[PDB]
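The figures here come from the full heavy-atom set of this structure, side chains too, leaving out hydrogens, waters and symmetry mates. Numbered from 1 within each chain, the chains take letters A, B, ... in sequence-line order.
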Amino acid sequence: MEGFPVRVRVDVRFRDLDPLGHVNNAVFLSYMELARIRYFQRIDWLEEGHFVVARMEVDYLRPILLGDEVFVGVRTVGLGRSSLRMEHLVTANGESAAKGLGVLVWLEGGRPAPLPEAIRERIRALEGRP
Amino acid sequence: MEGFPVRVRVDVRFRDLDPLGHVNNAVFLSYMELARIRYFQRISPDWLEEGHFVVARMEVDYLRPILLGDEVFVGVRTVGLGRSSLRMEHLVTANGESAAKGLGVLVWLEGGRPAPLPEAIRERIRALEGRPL
Ligand SMILES: CC(C)(COP(=O)(O)OP(=O)(O)OC[C@@H]1O[C@H](n2cnc3c(N)ncnc32)[C@@H](O)[C@@H]1OP(=O)(O)O)[C@@H](O)C(=O)NCCC(=O)NCCS
Ligand SMILES: CC(C)(COP(=O)(O)OP(=O)(O)OC[C@@H]1O[C@H](n2cnc3c(N)ncnc32)[C@@H](O)[C@@H]1OP(=O)(O)O)[C@@H](O)C(=O)NCCC(=O)NCCS
Ligand SMILES: [Zn+2]
Ligand SMILES: [Zn+2]
């Protein structure tokens with residue numbers, strides 16, 4: 001997916017659907033998550049890289065139907081002190097279906113702490129940006 | 001829940017947890033959704049069709065982690081009415097403390113496309129809220 005360093009495929013499940021036959025709003029975040037976890041695996045993925053989700057902003061652009069070909073890309077768009085801002089793009093049949101902006105927070109001892117330089121450099125390398 | 005006309009209780013499932021033992025970010029939206037649906041049930045019979053609304057946007061702030069065993073309540077209320085849209089605030093509490101807040105934009109559909117919220121639905125919302133809206 002152009003503009004995104006990591007992208008994954010997801011198969012729409014019957015279980016993902018609302019009664020009218022389109023993907024449920026919360027399930028979109030699980031699609032976005034698969035991409036983010038794969039991205040974290042590159043920069044303790046079971047511990048979500050020691051990051052916790054502090055905020056998620058999602059715009060649902062087009063409904064996702066059973067059988068749709070779905071891809072999800074993810075990239076870092078901001079690097080803070082203890083936070084990381086990530087953009088996730090879910091497409092259905094080549095069309096943008098949802099955009100999610102998430103704020104991830106690095107924890108140490110269960111409290112926010114400055115992202116380690118080791119993680120910052122791996123992110124800069126992955127994104128190819130300073 | 002003070003300030004919310006509709007609230008529901010949620011039981012945290014083992015299935016709801018991330019490996020570290022706290023509730024998954026996406027599951028929080030399903031908690032919020034239960035209250036929203038219960039609310040729509042108060043205004044319309046077509047609740048399976050989600051009151052004919054589709055979620056256009058959700059803004060969720062995760063304030064505190066929710067753990068297995070936590071006593072969870074979810075309150076929901078309409079904070080604004082648009083043309084074909086409406087804004088709803090969802091409050092999830094865990095053991096009496098604010099765990100997450102969600103602001104959602106719901107859009108009313110007719111024939112599969114946005115249409116003005118009917119007066120009948122608006123009147124019921126205003127009645128359920130019992131406050132200027
Ligand atoms: C994430 C969490 C640790 C933040 O706690 P906090 O008291 O806000 O800590 P701070 O405000 O000092 O954290 C730093 C800030 O995080 C931010 N942040 C936290 N919540 C935010 C939000 N809702 N929106 C935007 N930014 C937020 C920052 O903007 C700032 O980042 P910075 O370090 O780059 O300056 C806490 O809210 C969390 O425990 N809530 C539950 C998270 C939930 O469990 N995630 C779902 C499971 S993964
Ligand atoms: C929601 C949806 C019907 C909107 O289609 P659209 O072409 O943008 O329709 P319009 O722009 O004419 O709708 C009117 C606008 O909706 C808004 N709206 C739509 N998307 C919005 C967003 N992402 N954020 C804020 N407002 C939004 C308005 O702000 C405005 O409302 P108004 O009637 O009060 O003026 C369409 O994007 C939807 O099919 N996306 C998929 C939704 C998804 O399936 N939900 C998950 C399952 S419930
Ligand atoms: Zn987690
Ligand atoms: Zn739906």
Side-chain angles (χ1 to χ4, degrees), chain A residues 1 4 6-40 45-46 48 53 55-74 86-102, chain B residues 8 10-19 22-41 46-60 62 66 74 76 88 90 92 100 102 104-107 109 112-113:
Chain A
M1 186 179 292
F4 294 78
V6 175
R7 84 98 175 76
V8 297
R9 184 228 282 222
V10 23
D11 300 295
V12 181
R13 302 171 190 169
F14 178 77
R15 185 78 278 280
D16 297 346
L17 313 173
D18 278 331
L20 288 177
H22 57 251
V23 174
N24 177 82
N25 76 280
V27 176
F28 279 77
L29 277 63
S30 293
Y31 289 178
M32 291 174 180
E33 177 176 73
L34 185 53
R36 182 172 65 248
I37 288 44
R38 218 264 271 297
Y39 183 110
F40 281 165
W45 63 264
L46 270 178
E48 301 167 88
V53 178
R55 176 182 177 83
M56 282 289 336
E57 287 176 33
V58 178
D59 290 307
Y60 300 89
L61 314 169
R62 301 168 61 68
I64 307 306
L65 314 186
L66 186 71
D68 281 350
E69 183 172 62
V70 183
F71 289 104
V72 186
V74 70
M86 311 176 84
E87 187 181 1
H88 320 239
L89 181 60
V90 183
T91 62
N93 303 323
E95 233 68 77
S96 297
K99 203 238 304 174
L101 283 163
Chain B
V8 298
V10 168
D11 293 295
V12 184
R13 304 177 188 163
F14 179 81
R15 185 76 281 282
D16 295 344
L17 316 175
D18 280 332
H22 54 251
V23 172
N24 177 262
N25 72 282
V27 177
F28 273 82
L29 278 64
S30 296
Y31 287 3
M32 297 178 167
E33 178 178 73
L34 175 57
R36 182 172 67 251
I37 291 300
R38 186 69 192 66
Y39 184 103
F40 285 166
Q41 282 190 307
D46 303 323
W47 67 266
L48 268 182
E49 294 157 356
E50 299 167 86
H52 290 287
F53 288 101
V54 290
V55 179
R57 172 184 181 76
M58 280 296 278
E59 299 172 62
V60 177
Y62 301 84
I66 294 173
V74 187
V76 70
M88 295 177 42
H90 314 66
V92 177
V105 176
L106 288 285
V107 176
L109 302 182
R113 90 188 203 95

[X] and [Y]: which non-hydrogen atoms are nearest, and at how many Å?
X        : Y        : value
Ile64(A) : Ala92(A) : CD1-CB, 3.1 Å
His88(A) : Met86(A) : CD2-O, 3.4 Å
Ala26(B) : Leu29(A) : CB-CB, 3.7 Å
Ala98(A) : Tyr60(A) : CB-CA, 4.3 Å

Audit row: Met56(A), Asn25(B), side chain to side chain contact (heavy atoms under 4.5 Å, CB included) steps and yes/no: CA-CA 8 Å; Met56(A) 282 289 336; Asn25(B) 72 282; 4.2 Å; yes
Listed once per pair and sorted, the salt bridge (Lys or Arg N to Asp or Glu O under 4.0 Å) pairs that draw on residues 62-73 of chain A, sequence neighbours left out: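 Sorted pair list comes back empty.
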Distance-only check: which donor-acceptor pairs under 3.5 Å involve side-chain atoms of residues 10-21 of chain A, not counting sequence neighbours?
unit_1: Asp11(A); atom_1: OD1; unit_2: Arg9(A); atom_2: NH1; d: 3.2
unit_1: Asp16(A); atom_1: OD2; unit_2: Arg13(A); atom_2: N; d: 3.0
unit_1: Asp16(A); atom_1: OD2; unit_2: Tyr31(A); atom_2: OH; d: 2.7
unit_1: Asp18(A); atom_1: OD2; unit_2: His22(A); atom_2: NE2; d: 3.3

Rounded distance [0.5 Å steps], [atom1] in [X] versus [atom2] in [Y]:
X        : Y        : atom1 : atom2 : answer
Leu89(A) : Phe4(A)  : CG    : CZ    : 4.5 Å
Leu48(B) : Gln41(B) : CG    : CD    : 8.5 Å
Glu95(A) : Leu61(A) : CD    : CG    : 10.5 Å
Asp59(A) : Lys99(A) : CG    : NZ    : 5.0 Å

For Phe28(A) and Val23(A), run side chain to side chain contact (heavy atoms under 4.5 Å, CB included): C-alpha distance rounded to whole Å, both residues' side-chain angles, the deciding distance at 0.1 Å, then the answer. CA-CA 7 Å; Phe28(A) 279 77; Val23(A) 174; 3.6 Å; yes
pair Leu106(B)-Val54(B): side-chain heavy atoms closer than 4.5 Å: no
Could you pull out all donor-acceptor pairs under 3.5 Å where a side-chain atom in residues 32-40 of chain A meets a protein atom, sequence neighbours excluded?
unit_1: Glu33(A); atom_1: OE2; unit_2: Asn24(B); atom_2: ND2; d: 2.8
unit_1: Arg38(A); atom_1: NH2; unit_2: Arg7(A); atom_2: O; d: 2.5
unit_1: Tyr39(A); atom_1: OH; unit_2: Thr76(A); atom_2: OG1; d: 2.7
unit_1: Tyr39(A); atom_1: OH; unit_2: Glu127(A); atom_2: OE2; d: 2.6

